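Sequence lines set the chain letters: A, B, ... in the order given, protein chains first and strands last, and positions in each chain run from 1. Side chains included, hydrogens not; waters and symmetry mates left out as well; all remaining heavy atoms used.
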Amino acid sequence: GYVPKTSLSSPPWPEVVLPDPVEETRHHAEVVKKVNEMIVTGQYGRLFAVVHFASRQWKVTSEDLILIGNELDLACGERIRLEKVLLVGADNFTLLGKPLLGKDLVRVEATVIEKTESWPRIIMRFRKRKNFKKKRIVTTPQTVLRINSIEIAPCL
Amino acid sequence: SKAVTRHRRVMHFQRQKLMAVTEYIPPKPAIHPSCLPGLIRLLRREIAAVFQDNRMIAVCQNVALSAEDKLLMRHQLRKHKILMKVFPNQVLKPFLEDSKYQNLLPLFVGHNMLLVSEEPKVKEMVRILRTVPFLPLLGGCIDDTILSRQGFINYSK
Amino acid sequence: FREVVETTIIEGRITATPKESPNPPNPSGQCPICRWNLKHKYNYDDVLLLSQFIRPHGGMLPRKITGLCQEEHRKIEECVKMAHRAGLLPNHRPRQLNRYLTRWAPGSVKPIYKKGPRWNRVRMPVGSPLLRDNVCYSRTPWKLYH
RNA sequence: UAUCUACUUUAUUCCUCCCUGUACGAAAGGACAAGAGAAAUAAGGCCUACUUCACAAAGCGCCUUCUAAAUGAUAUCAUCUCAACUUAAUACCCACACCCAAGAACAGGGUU
RNA sequence: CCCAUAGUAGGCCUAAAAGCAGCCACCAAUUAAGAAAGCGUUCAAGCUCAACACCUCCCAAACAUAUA
Ligand SMILES: [Zn+2]
C-alpha cells in the first residue's frame, strides 16, 4: 500500500502521537499533586472565579461589584455563597470543572449592597402612515453584589 | 405566465432546491474498472499446400513496382512454372513454425512475395532483375536448406 | 535510450538504459501510475513524477511508450504544461511574471474588460479540471475558478 | 432676479510631385513606405505687414502643430503554441501708496 | 500512413455520355479494388473512398492545499 512521497501522498498536517494513558495518568497524578501542594502551602496570590450567577457568567475577583438585573429578595447586607463556580484561576494554576467545580473545593462569598431600579428605559413603537405610535417607560429592579472572598480548598 | 411557455420558465426556489437535491448520483466503485485486468483456414490450407508443393523457394520485396511492371514480371515468370504469391506475413509467422522452419522465422516481414518453384529459372529471373537497379533477392530455402543470395548465385548458376 | 550520433557519418547507439524500481506495490495494475498507488495523489508541484514522462526538450512522451492510462496521460500532459509555466522545469529548454496553476497558454487569453453581473460573472480559470478527483484534505474542494 | 448639485485652460485630411510610371505582373496594369510641396480643418499663439482700426483689441492676416515569425511535442512526419522555449513620455510649471501688457473683487507683475 | 490492374469505353437510350445524364443487371479475374461512394471533365483522361500487402465608468477585495 506504498505511495511515494508526492505533494498529495500524505496529508499536509504533521502527525501527532498522543502519549500512552499509563504514563499519562501517572503524569496527571504528579501534576495534581503539585498543584494541591500549592493550595495546601498557600502559594497562590489572588484568585479569580468564573461564576454562573443568575443567567450569565461573571468573571470575578475579590473586592468587586456585580450588577444584577433582578431583585434577589434579600436584605441589604446579607452574605451569600455563590454556587456554580466553573473556573478558578490563580497566577500559576487554574482549575476548571466539567462543567461546575466541587462545592468542597471553591467557596465564593458576596454581600448585597444595594437594591436599586434602573434608569428609565424607553420602549417606543412607530409605523409610518398607519397612525401607530406607542410609548412605554420601563425600569427594571437591580441589586449590586460585592464579592468578598474567593477561598480555595485542597480537595484534589 | 401560463404553465406551458415558449421559454423554460423559472422555477419556484424550493422547486429548484428539490430538483438539485434529487439529482442523479452515479455509483462509484472503489477501484476504477479500466484500471483492472474461414479465409484464415483458406490461407492455412492453401499456403500449407504450397509448403509441400515446392522443392525450391525464393522471395523478394515486391512492392517497388508499377501495375503494368508487375504485369511484365508476372508474364516473364509466367514463362516459367514458378509462382508468385502476395500474402500476409501475419499468418505466415505461424506458418513457418508449423512447417518446422526455424532458420526461416527471421525471414518473412514487411512487403514480400513468394517465388515458389520446382524448376530453377531463378538465374534467368536474376537476369530480369539485373536490368532494374533495385528489388534485391531475399534468401530462400530449397529442401530444408537455406539459400543466401550468394547461394542463389551458386545454385542458380 | 538510443541516440543518433553523427558527424558524413550517422550511427545509432543504445546508451544507458534505465529501469523501473523492482517492487511496484500494486502489481497487476495497468498504468505506471496505477501500479504505484498514484491515481489521484500527484499535482503539478511534484516534478520528480512529472519529469519521468518528459522529453529532454520539454515535450511529452507518447502514450504507447509510457504505457499510461488515457486519463493519466491527459493529466500528466496538463500538469507538465502547468509546471513549465511555473518555472519548475528549467532544464527542459531547447538551448518575467511569476505564475502557478495556469490552465491556458499565457499569450492567448484576452483580458476580462466586462466582468458580468453577479449572476453571470466571467470568472478566471485557475488550475485544471482534469485534477478534480485528487485527494483534497480540506473540506472545501479545489476552487477551479477565481 | 439661479438656492443646491455638477462644471468653469485634460493634430488630422485632401491634392500634386517624387521614389517610379520601378517593386509585383507576363501583357493590360501598376506599389509602397519615406520624402518634398500646396491646401483645408482643428488646436495653440501672435500683430511685422494687410484689413476693421490706431499708446491697443482683432481677422479676412501671419506663426507653430511630435499580433508575426522560426523551432517544435501531445500524435517521433507535420502542426502559428488556450504545448513549453527563442524573437519582434517627453515638454510646461516649481523662490503703504503708485503704475501695469495682471485684473470683476481678491490675487499677480513692476516701482533702482 | 498506405493503395488501386483487368472482362470494359457494362449493355440500351444517347452526337458519345464509359462507375460517375438516365433504365436495368449488378456476375467476374488473380490473393484482391464497387459494373462504383465523393471531385472532375461535352465525352474522355485525370484526383480521393471502401478493399488488397505493415499493422456616462469594469464593477466587493480576493483566494485552487490544515481534517466539518
Ligand atoms: Zn490506471
Members of [range] that approach RNA chain D, where some heavy atom sits under 4.0 Å away:
range	result
residues 61-83 of chain C	C/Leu61, C/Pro62, C/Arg63, C/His73, C/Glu77, C/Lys81
residues 48-68 of chain B	none
residues 88-100 of chain C	C/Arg93, C/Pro94
residues 127-146 of chain C	none
residues 104-121 of chain C	C/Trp104, C/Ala105, C/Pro106, C/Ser108

(Q) Determine whether a donor-acceptor pair (N or O, by modelled atom type, separation under 3.5 Å) exists between the side chain of C/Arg85 and the backbone of C/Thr102. (A)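 Here the side-chain-to-backbone pair exists.
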Q) Donor-acceptor pair, C/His57 side chain versus C/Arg93 backbone, under 3.5 Å? A)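 Yes: the side chain of C/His57 pairs with the backbone of C/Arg93.
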Q | For chain C, the stretch of RNA chain E it reaches, first to last nucleotide, under 4.0 Å of its heavy atoms | A |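 Reading along RNA chain E, I get E/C58 to E/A68.
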Q: Check whether the six-membered base rings of E/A21 and E/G22 have centres under 5.5 Å apart and planes under 30 degrees from each other.
A: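 Judged on centre distance and plane angle, the pair counts as stacked.
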Q: Using the six-membered ring of each base, decide whether D/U10 stacks on its neighbour D/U9 (centre distance under 5.5 Å, planes under 30°).
A: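 Under the 5.5 Å and 30 degree rule, these bases do not stack.
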Drop me the distance from [X]'s [atom1] to [Y]'s [atom2], to the nearest 0.5 angstrom.
X	Y	atom1	atom2	answer
B/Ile57	B/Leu104	CD1	CG	7.5 Å
B/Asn62	B/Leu114	CG	CG	9.5 Å
C/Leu50	C/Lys75	CG	NZ	13.0 Å

Tell me, do [X] and [Y] make a side-chain contact under 4.5 Å, heavy atoms counted?
X	Y	answer
C/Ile76	C/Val80	yes
A/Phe53	A/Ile68	yes
A/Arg127	A/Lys133	no
C/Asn43	C/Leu131	yes
A/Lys134	A/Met124	no
A/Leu86	A/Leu101	no
B/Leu138	B/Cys60	no
C/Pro106	C/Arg99	yes

Mind telling me if [N] is north or south by its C1'-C2'-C3'-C4' torsion?
N	result
D/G59	south
D/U22	north
E/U65	south
D/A91	north
D/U52	north

Q: Sequence neighbours left out, what passes side-chain hydrogen bond (donor to acceptor under 3.5 Å, both in side chains) with C/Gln30? Give chain and number order.
A: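 Per chain and number, C/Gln30 pairs via side-chain hydrogen bond (donor to acceptor under 3.5 Å, both in side chains) with no residue.
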Q: Only counting residues at least two apart or in another chain, list the ones meeting side-chain contact (heavy atoms from CB on, under 4.5 Å) with C/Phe1.
A: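 Result, side-chain contact (heavy atoms from CB on, under 4.5 Å) vs C/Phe1: C/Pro18.
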Q.
Need the pair for E/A51. Rule: Watson-Crick or G-U wobble, both distances under 3.5 Å, any strand; none if unpaired.
A.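 In the structure as shown, E/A51 has no Watson-Crick or wobble partner.
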Q: State the pairing partner of E/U8; accept Watson-Crick or G-U wobble contacts with both distances under 3.5 Å, and report none otherwise.
A: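 Paired with no nucleotide.
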(Q) I'd like to know if A/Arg26 pairs up with A/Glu23 as an ion pair, taking the criterion as any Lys NZ or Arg NE/NH1/NH2 lying under 4.0 Å from an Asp or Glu carboxylate oxygen. (A)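 A salt bridge is absent here (no side-chain N lies under 4.0 Å from a carboxylate O).
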Q | Qualifying residue, where the test is salt bridge (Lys or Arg N to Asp or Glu O under 4.0 Å) with C/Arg74 and the options are C/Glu78, C/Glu71, C/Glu77 | A |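 Output: one option passes, namely C/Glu71.
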Q. Could you state the CZ-P distance from C/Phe53 to D/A75, rounded to the nearest angstrom?
A.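 Nearest whole value for this atom pair: 13 Å.
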Is the glycosidic angle of [N] within 90° of 0, making it syn, or outside that range, making it anti?
N	result
D/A97	anti
E/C52	anti
E/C58	anti
D/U71	anti
E/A33	syn

Q: Please tell me which of C/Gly59 and C/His84 maps to the more 5' nucleotide of RNA chain D, matching each residue to the nucleotide holding its nearest heavy atom.
A: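 First, find each residue's nearest nucleotide; the 5'-ward one identifies C/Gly59.
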[N] and [M]: how far apart are their [atom1] atoms, nearest whole angstrom?
N	M	atom1	answer
E/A35	E/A51	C1'	16 Å
E/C20	E/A32	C1'	23 Å
E/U48	E/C2	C1'	13 Å
D/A2	D/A42	P	35 Å
D/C55	D/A38	P	36 Å
D/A34	D/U22	P	22 Å

Q) OP1, OP2 of D/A83 versus side-chain N and O of C/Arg55: anything below 4.0 Å? A)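 Checking D/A83 against C/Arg55, no side-chain N or O comes under 4.0 Å of OP1 or OP2.
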Q: Determine: side-chain N/O of C/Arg85 to OP1/OP2 of D/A84, distance under 4.0 Å, yes or no.
A: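 Checking D/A84 against C/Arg85, a side-chain N or O does come within under 4.0 Å of OP1 or OP2.
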Which side-chain N or O atoms in residues 84-94 of chain B pair as donor and acceptor under 3.5 Å with protein atoms at least two apart or in another chain?
from    : atom 1 : to       : atom 2 : distance (Å)
B/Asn89 : OD1    : B/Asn112 : ND2    : 2.9
B/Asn89 : ND2    : B/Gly110 : O      : 2.6
B/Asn89 : ND2    : B/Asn112 : OD1    : 2.8

Q: Using Watson-Crick or G-U wobble pairs with both distances under 3.5 Å, give me RNA chain D in dot-bracket, 5' to 3', with [ ] for crossers and | for pairs to another strand.
A: ..........(((.(((......(....).....))).)))(((((...(((....))).))))).(.(................).)........((((.......)))).
Q: Show your working on side chain to side chain donor-acceptor pair (under 3.5 Å) between B/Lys17 and B/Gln14 and close with a plain yes or no.
A: CA-CA 5 Å; B/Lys17 288 200 282 168; B/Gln14 283 173 343; over 6 Å; no
Report, one line per pair, each donor and acceptor closer than 3.5 Å where one atom sits in a side chain of residues 32-51 of chain B; sequence neighbours left out.
from    : atom 1 : to      : atom 2 : distance (Å)
B/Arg45 : NE     : B/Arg41 : O      : 3.0

Q. Which residue lies toward the 5' end of RNA chain E, B/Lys85 or A/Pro12, if each is placed at its nearest nucleotide?
A.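 Closer to the 5' end of RNA chain E: B/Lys85.
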Q: Would you kindly compare B/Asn89 and B/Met113 by the position of their nearest RNA chain E nucleotide and give the one closer to the 5′ end?
A: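 The residue closer to the strand's 5' end, by nearest nucleotide, is B/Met113.
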Q: Look at atom CZ of B/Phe13 and say whether more than 12 heavy atoms of other residues, nucleotides or ligands are closer to it than 6.0 Å.
A: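 12 or below, so no.
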Q.
Using a 6.0 Å cut-off, check whether atom OH of C/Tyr100 has over 12 heavy atoms from anything other than its own residue.
A.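 Count not over threshold, so no.
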(Q) Per the ring pair (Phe, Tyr, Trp, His ring centres under 6.0 Å) rule, what does the pair list look like for residues 10-56 of chain C, sequence neighbours excluded? (A)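 Sorted result for residues 10-56 of chain C: empty, none.
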